[PDB]
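Working through the structure, step by step
Listed below are the residues making up each chain.
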2 protein chains.
Amino acid sequence: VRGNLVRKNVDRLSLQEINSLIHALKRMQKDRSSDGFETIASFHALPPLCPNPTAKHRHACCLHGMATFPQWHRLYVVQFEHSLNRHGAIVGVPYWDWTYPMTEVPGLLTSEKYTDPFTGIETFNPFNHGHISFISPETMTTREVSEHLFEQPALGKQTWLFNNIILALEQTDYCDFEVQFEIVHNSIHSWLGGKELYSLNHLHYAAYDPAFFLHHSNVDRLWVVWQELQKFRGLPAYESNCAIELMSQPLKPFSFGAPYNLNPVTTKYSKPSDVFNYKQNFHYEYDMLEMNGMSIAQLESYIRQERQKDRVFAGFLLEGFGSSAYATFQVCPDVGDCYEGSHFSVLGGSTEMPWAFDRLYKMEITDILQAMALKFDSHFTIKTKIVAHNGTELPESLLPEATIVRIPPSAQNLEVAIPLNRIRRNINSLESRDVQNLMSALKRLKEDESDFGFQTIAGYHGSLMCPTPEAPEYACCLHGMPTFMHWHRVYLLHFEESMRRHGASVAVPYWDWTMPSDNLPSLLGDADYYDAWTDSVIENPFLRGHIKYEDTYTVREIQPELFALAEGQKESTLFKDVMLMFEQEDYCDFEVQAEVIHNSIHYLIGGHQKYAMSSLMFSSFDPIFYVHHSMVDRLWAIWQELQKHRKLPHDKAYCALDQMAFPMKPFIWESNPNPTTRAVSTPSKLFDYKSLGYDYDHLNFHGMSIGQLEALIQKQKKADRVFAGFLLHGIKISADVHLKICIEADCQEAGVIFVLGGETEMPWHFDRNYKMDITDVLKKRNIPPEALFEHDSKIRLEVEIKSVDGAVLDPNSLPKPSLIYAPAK
Amino acid sequence: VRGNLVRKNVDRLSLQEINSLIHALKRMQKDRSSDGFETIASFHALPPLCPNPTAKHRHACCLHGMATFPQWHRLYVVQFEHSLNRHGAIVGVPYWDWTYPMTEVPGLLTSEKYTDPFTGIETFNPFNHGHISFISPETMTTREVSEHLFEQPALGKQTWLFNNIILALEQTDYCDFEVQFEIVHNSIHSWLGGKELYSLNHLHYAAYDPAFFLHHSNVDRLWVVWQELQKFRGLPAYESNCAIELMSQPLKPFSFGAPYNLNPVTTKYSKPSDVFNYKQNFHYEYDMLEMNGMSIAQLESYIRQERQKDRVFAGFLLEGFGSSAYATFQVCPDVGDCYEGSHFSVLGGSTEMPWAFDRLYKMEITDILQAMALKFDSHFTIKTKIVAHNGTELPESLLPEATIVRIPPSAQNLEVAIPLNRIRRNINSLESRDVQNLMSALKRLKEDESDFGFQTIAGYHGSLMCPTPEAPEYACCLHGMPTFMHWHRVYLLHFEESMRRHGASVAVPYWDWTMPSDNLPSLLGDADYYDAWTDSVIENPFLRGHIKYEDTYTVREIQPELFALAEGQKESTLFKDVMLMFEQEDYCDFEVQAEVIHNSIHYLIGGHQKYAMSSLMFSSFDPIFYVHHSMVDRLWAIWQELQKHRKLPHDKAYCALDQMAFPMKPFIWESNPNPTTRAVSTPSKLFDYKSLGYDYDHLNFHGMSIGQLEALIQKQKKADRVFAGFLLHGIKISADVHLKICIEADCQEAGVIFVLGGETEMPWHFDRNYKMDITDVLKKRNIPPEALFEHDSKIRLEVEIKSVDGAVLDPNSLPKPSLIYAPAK
Ligand SMILES: *[C@@H]1O[C@H](CO)[C@@H](O[C@@H]2O[C@H](CO)[C@@H](O)[C@H](O)[C@H]2NC(C)=O)[C@H](O)[C@H]1NC(C)=O
Ligand SMILES: *[C@@H]1O[C@H](CO)[C@@H](O[C@@H]2O[C@H](CO)[C@@H](O)[C@H](O)[C@H]2NC(C)=O)[C@H](O)[C@H]1NC(C)=O
Ligand SMILES: *[C@@H]1O[C@H](CO)[C@@H](O[C@@H]2O[C@H](CO)[C@@H](O)[C@H](O)[C@H]2NC(C)=O)[C@H](O)[C@H]1NC(C)=O
Ligand code: CUO
Ligand code: CUO
Ligand code: CUO
Ligand code: CUO
């Protein structure tokens, strides 16, 4: 016949709601009955009554430092709640959540006086302080506020309450949770109470402060949130697998029927095992179960994200000592300088029941060690100083010295709910609004003459500038080496960033040329369009790049073979070539294949022309260059996941360890528009693309899930194959290498290799030889591979080297290819 | 399948949420595309594209002053919403709700600059203002804040928004809702915008200010509330039964599926009929659906409560307009003195499509009309002076002079959700805690030496202090007359009011003596109890009230027949006495029956003693007095309920109007502790007990519902009955009048009557004769009712009047009874 009481946010309360709350607490404070505040406050600690109120010695009263701590305080809150429902509150016990960052202590808690808006009569605010009746009629609770409460997020840093609550919500075991949970809860006792004798910081006098119940309203809310989490994870939220022995022992003093606890329902559900079902048993709800505005789903995702990182903790073993105290620990390396670690607090009183935690209470020091430039396994110690409520050093003998525990990263897939503008999608799938946004954006970026502008970022690739501005005689980008992929990843990110700066809600799209295409995609090919908002006709920003120091626009002379490269269907050399690339389980072995095939598209779309995609020095000026590299980057993305699928390394590579360590030249300089690319300049850092903040929808090749990709790759390794190996290097210009096999003197159609380069080039030499399989070619000509080993049967390889210059053709410089027979294993 | 966007409260936003929002809007503002801010803001008004973007003359653009106003703007918001979701906002469009009273303008709107907490980078706040690009490039929106924004509830009065928001939600037809709903929405346009030309108050430029959208996120929410309300009532929420003509016509410019709207879902759902299902079609939710913290259930309860009241409205027929305007009306009586009436605003521009409401926009004037002490149908006029946006006074001819409408009170039962401590309960149903609460409070109250204290409030009835001290020579309480019930209603209230003042969470219990009782209920009967909290034994506060000026404690000498009077239990004289009381459909007829039965109990528990319940002058000092009057008051409450059921007057009476008008003497005096009893000292005010704020656990007699009571009452009238009529009046002392019918000098057991009085009394004469039916006594006596008409047959009536003091006894100073034959009909 009656609906649940709702515990609203304190600052959510209306004038009508506040009014009833204040008047209700006012009456239940003047109420000398057991239903009154002095009496309810007495349940917690100081006038002790819990062994039994008649006992000679009383170690009473409340449960602290044990798994049953949350239940006692839940039921204790419903005790206080039922009282002011009956004393006329229209709402349940409000909470202020420390889940959000703090600016001020709540008004209804701090304001000395209260004016009833409806009667206009100013009165003392019942929530400002509590009276401790038995000591003196004139003994008020008092408070002292720590700056710790009002902490705000820094650049990388997050507030103490945010971090430790999440570390608590992180737990999947109740007892593990409860330990972290309780000590987080100790904070506001510690931060509002302070050094003051009759306060939240003293176990005895705490419940006499009205704040206690607004506080623990939120403590209980956190537990429900954690309960909600356990339901979400398919775990037992309403039961406890650990500490089962304590779930039977009924909650005192509530367990006392007859004269001491008059509330019927509270007595009935005195077993902590019955306190689990709060909504059915005690009939109260929360308006919102949110941790800092996060949904239970948003919460769990965050948690799982945090679990993926490599984390190291400090562990403390906590035993009660009969007083409240504040703990400070520092991280100290072998070198003298010590840095400030963190803090935690204990709640305590002289009549506290002795307690000992059966677990380690963990605190996270990972961000601190990372700033200390020292890893988890390297020589650092923790010193801890703990002051009493009194307050003087405890000293140091009290708590066993802290332990340190690192948790290894756990490799598992995540949601990860990337923003809508940071996802790179197939250029064919783009909607019209995606098109207009991009085209409007790129024009502004090109017209941008600042350092963020298109001219400058185009210059990072092909201008004559690296290694340093004054010295070269050199070209800046990275080819052809293991860190080639890495360089163009930042470069692409740098482009994405500059785009958003001019209103791009669309990440740079990728054109998939591995699929059959009769023509260039419209976004890249189309010359002009009619804007409707002006009567003006605008030229497509994606089809023409201006090179300001050469006074020329880029040119695209598209070789007929590009469209003809991939018409299998699915039987395309380009498909087969890429599949051979995916096969590689080594990053370096994968990289050469990746870059050579990447050279192909450069050559064929801009060929036989200077100031084109074919020309390494100027290719970055053509806006397709970026659309192109969004594709090769995605091809890498597929491979990283392919590797992750095979358990082989994805985030790291055992290659170019001298390279991977060092940051990349054009980006790290002080002369860089955005701080973000400067930050991630190092190859090791940008190995994984998710941490960089973008993603591809989606990662799959020709309608094959990654399970299917590896499946056919295993199928290709099962057949005997023959390769031609090419050791490639810088020839200071672009070229096409044609390969053709001769059975005797007759030679037809073996294959083609493209090499990128420029007049201004960075001299490069490949660590190994690029492969291209002639397996299917030999089957076509009935030249059996085993006959390759035969001296009588004569086969030869001929290369036709023709530079971009046209033809020219070029004398034979590059090392001649090698035959590789790869038996199936 | 992407998760719904949530429209959060502004103040609820986390730092991360504010961050993603600010950067997103920052981007989409620099977005020159159609997806950008400048283009979307155009959709509303000034660069006018709406008839079609290419027309010579363009009536553009947004729908205003018509039924489909909410659908256009709902769709308009999802337009703006999807932009910044795609521009990277993690949350939906925040709302700023005026449902709560205002103190300030919300933060992300009012701060000129914003510093990213995470990067430490200070930037200009994108929500502070908007750019109007087609005017000068350095042209921004500005604001001007009216005092009206920050209105707070003072005494009985409530803020403009609260009053008028609810008036809108009150509506049951969509069109009637919409008309009120929209003028409400116009307030913040007028209040945030002000005199400024480029502001929210000018139709043209409003949407260029981002504040518009936070505003209209709440506007939509309010409609969703109203939708949710209509769902509660079993009415159509997702359809509109009125203005079906308009619901078909697609919303422009959204309707344009061309370069003008590149949003797919927006074009598809450009039908305003399609705009209703927001969650399915547009995929956005609200964090909470609450009007000033009130739930939808709480809302309708308030709304229904307001429908029971008698209300009068001023009506305005709104056609417009050249511009935005501010309207002001005053209420003026026959005499010249004017009071401030409310105000309202309209939104407009030079390019607005002509509009006319087909109904009256209602404003409420009931509260203020009362302050002018004049009724609705009487001699008063409304003059309105309306000033424009420029603003020259607009000619009275511009808007038709206002009309005035009175909406009659709708009599139907309500919820009404009364506080727990203000419920008066059957004394036997009380739990152990209510008992302890009652006692502790009464102890404090009797101890209380203040004017709020028991000595002073009990002195109100039994003194000797009626107007004017020290003239009396008089005695104050009101017996015996129609206003007897009224006087003792306030008295009981005054008693409750003072009890709460000492921590009583329990309203005064009623003890039902119509039910058979072996002894007095322990709350009244038990002498002492042992408090467990203090080792002391305390005596029950409910017996032996102390009388200060007589230095004597009251005594209860209980006559043996009181418990024996009700041995029926339905056959009990008391049930039959009360059932006869309920039968009266006139108030005064009801009053005499009630007050005589009232005297019966007063007399029998404290009989034959001075300083007792039987003594009129000192009955008030015995605590059980108040428990008794809780019972008779409940009897009156049931009677009132019956009158309502019988469709006869309940809240009013056609009896003595001389007495009903004047305030009552002990309470109205400036020498009264609490202002609440002073105000309601008038008998007219006290008629409905709910308006006073308390209630009874249930209104039912002997297991009969109020329907069953009237059913049995009709049953009794269906038989022939014989009464004896006693005209009673003030003799200066209490006495008991025994009725005895004698056939022929043989007399036995006819009935009994009691009358209350004291040395210090208020002289009283009853308006009628008390009736008591002897019909059952006669049928036992085998005396035919028709033999009463026989002169030949011998029967007569004798009264042996004995004083309260045994015997003493008194001579016959009261008129002898009259025989009344009531033929059944
Ligand atoms: C201040 O507080 C500390 C913490 O309680 C006191 O330390 C305890 O004092 C009791 C005697 O009252 C001893 O029996 C305990 O062994 C002490 N425990 C510890 C850990 O010190 C301390 O005595 C107090 N001193 C002052 C100056 O107030
Ligand atoms: C485009 O259409 C006409 C011009 O072709 C513009 O309106 C007028 O056209 C008539 C002839 O049909 C002329 O006599 C008027 O002098 C024109 N008026 C103006 C103001 O140009 C029309 O304005 C044009 N559409 C717009 C508004 O851009
Ligand atoms: C301010 O606005 C009002 C109307 O918004 C102006 O009055 C309008 O004047 C035009 C003539 O140019 C009339 O056609 C309109 O009917 C008028 N509006 C109404 C309803 O009165 C007024 O002139 C403006 N004030 C100034 C001087 O700027
Ligand atoms: O309540 Cu027992 O301490 Cu937080
Ligand atoms: O590699 Cu330098 O960019 Cu295609
Ligand atoms: O809606 Cu167009 O005006 Cu606020
Ligand atoms: O009537 Cu004034 O006392 Cu019961």
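Structural data are supplied above this passage.
Below: a short report on this structure.

Considering the relation of the copies chain B and chain A
Screw-axis analysis of chain B against chain A gives a translation of 0.1 Å along the axis, an RMSD of 0.4 Å, and a rotation angle of 180°. Taken together, these values place the two copies in the relation of a two-fold axis. The overlap is high: 95% of the interface residues of chain B also sit at the interface in chain A, so the same surface is used on both sides.

Here we look at helix α24 (residues 706-717) of chain B
Residues and elements named next belong to chain B. For α24, with 12 residues, the first-to-last C-alpha span of 17 Å sits near the 16 Å given by 1.5 Å per residue. Those residues of α24 not exposed but buried are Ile706, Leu709, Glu710 and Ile713. Buried residues in α24, looked at end-on, bunch into an arc of 90°, giving them a common side. Where α24 is buried, its residues meet α18 (573-583) and α20 (624-645).

Some remarks on the packing of aromatic side chains
Applying the stated rule across the entire model yields 122 aromatic pairs over all chains. Ring centres of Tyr603 of chain A and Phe754 of chain A lie 5.0 Å apart, and the angle between their planes is 50°; this geometry places the pair in the tilted category. Taken together, the positions of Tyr603 of chain A in helix α18 (residues 587-606) and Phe754 of chain A in strand β19 (residues 751-755) put the pair 151 residues apart, joining distant regions of the chain. Over the ring of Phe454 of chain A we find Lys446 of chain A, and its NZ or CZ is 6.0 Å from the ring centre. The side chain of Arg7 of chain B reaches across the aromatic face of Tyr284 of chain B, ending 3.5 Å from its centre.

Here's the deal with a nonpolar patch on the surface
Residue and element names in this part refer to chain A. Together, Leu317, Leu360 and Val405 line one region of the surface with nonpolar side chains, adding up to about 220 Å² of accessible area. In this fold, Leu360 is placed in the loop between β7 (339-346) and β8 (361-364). For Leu360, a relative accessible area of 37% gives the class partly exposed.

Considerations on the nonpolar core
Core analysis: the largest hydrophobic core is formed by 234 residues, its most contacted members being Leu169 of chain A together with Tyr76, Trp96, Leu318 and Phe344 of chain B. Core analysis: the second largest hydrophobic core is formed by 94 residues, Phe484, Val578, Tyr689 and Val804 of chain A among them.

Thoughts on the side chain of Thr141 of chain A
Structurally, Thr141 of chain A is set in the loop between β3 (122-124) and α5 (160-170). In terms of polar contacts, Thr141 of chain A uses its side chain to reach the side chain of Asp209 of chain A, at 3.5 Å.

A few points about the pairing of β7 of chain A
Within a regular beta strand, the side chains point alternately toward one face of the sheet and then the other, so they alternate between its two faces. All names here are of chain A. As paired elements, strand β6 (residues 325-333) and β7 share seven bridges and run antiparallel to each other. In the sheet register, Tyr326 faces β7, and the bridge partner there is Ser345. From the end of β6 to the start of β7, which pair antiparallel, there are five residues.

A short note on the packing of helix α19 (residues 587-605) of chain B against α20 of chain B
To describe two helices that pack against each other, one gives the angle between their axes and the distance between the axes. All names here are of chain B. Between α19 and α20, whose axes approach to 11 Å, the crossing angle comes to 155°. By the angle between their axes, α19 is roughly antiparallel relative to α20. The handedness of the crossing between α19 and α20 is right-handed. Across the interface between the two elements, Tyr587, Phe590, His598, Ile601, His602 and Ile605 from α19 touch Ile624, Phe625, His628, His629, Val632, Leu635, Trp636 and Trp639 from α20. Split by residue class, the contact of α19 with α20 holds 10 nonpolar, four polar and no charged.

Description of the interface of chain B and chain A
Where the parts come together, the accessible area they lose is often given as the size of the interface. In this complex, chain B contributes 62 residues to the contact, which on the side of chain A involves 59 residues. When the buried area of chain B at its contact with chain A is split by residue, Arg86, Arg433 and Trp533 of chain B rank highest and sum to 16% of it. For the pair chain B and chain A, the number of links is zero salt bridges. At the boundary of chain B with chain A, the tally comes to nine residue pairs in polar contact. At the level of elements, α1 (15-30), α2 (37-44), α3 (69-86) and α13 (432-447) of chain B are the ones that each hand at least two residues to the side of chain B that touches chain A. It is α13 of chain B that contributes the most residues to the side of chain B that touches chain A, seven residues altogether. Its residues assigned to classes, the side of chain B that touches chain A shows 21 nonpolar, 24 polar and 17 charged.

What about the sheet that holds strand β5 (residues 311-316) of chain B?
Residue and element names in this part refer to chain B. Taking strand neighbours across the sheet as the criterion, the three strands line up as β10-β5-β13 in an open arrangement whose pairing is antiparallel. Looking at strand neighbours, the two that pair on one side only are β10 (361-364) and β13 (403-407), the edges of this open sheet. For this sheet, the mean angle separating the axes of adjacent strands, direction not counted, is 35°.

Thoughts on the site of ligand 1
Residues and elements named next belong to chain A. Residues in close proximity to ligand 1 include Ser323, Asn390, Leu394 and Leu398, which together make up its full environment. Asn390 is positioned with one of its side-chain polar atoms (N or O) 2.3 Å from an oxygen atom of ligand 1. Its free accessible area being 580 Å², ligand 1 has 31% of it covered by the protein chains. Class assignment of the residues belonging to the shell around ligand 1 gives a composition of two nonpolar, two polar and no charged.

About the criteria used
- Residues numbered from 1 in each chain as written, not as in the entry; some residues may be left out.
- Chains lettered and ligands numbered in written order.
- Part of a larger assembly, values for the part shown.
- Heavy atoms only, no water.
- Least-squares fit on C-alpha atoms.
- Contact = heavy atoms within 4.5 Å.
- Helix = DSSP H or I, 4+ residues; strand = E, 2+ residues; numbered from the N terminus.
- Expected span 1.5 Å × (residues − 1).
- Buried < 20%, exposed > 50% of the residue type's maximum accessible area, 1.4 Å probe, protein only.
- Arc of directions from axis to C-beta.
- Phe/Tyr/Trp six-rings, centres within 6.5 Å; stacked < 30°, edge-to-face > 60°.
- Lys NZ or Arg CZ within 6 Å of the ring centre and 35° of its normal.
- Patch = residues over 30% accessible without salt bridge, like charges linked within 9 Å, V, L, I, M, F, W, Y side chains within 5 Å.
- Areas by Shrake-Rupley, 256 points an atom, 1.4 Å probe, with all protein chains shown as cover.
- Salt bridge = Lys/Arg side-chain N within 4 Å of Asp/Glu carboxyl O.
- Core = buried A, V, L, I, M, F, W, Y, C linked by side-chain atoms within 4.5 Å.
- Polar contact = N/O pair within 3.5 Å; in protein donor to acceptor, adjacent residues only side chain to side chain.
- Pairing = 2+ DSSP bridges.
- Axes fitted to C-alpha atoms, helices over the stretch in contact; angles between N-to-C directions.
- Parallel < 35°, antiparallel > 145°, perpendicular 65-115°, else oblique.
- Left-handed = near helix turned anticlockwise from the far one by under 90°.
- Nonpolar A, V, L, I, M, F, W, Y, C, P; charged D, E, K, R; others polar.
- Buried area = accessible area lost by both parts, 1.4 Å probe.
- Near = heavy atom within 4 Å.

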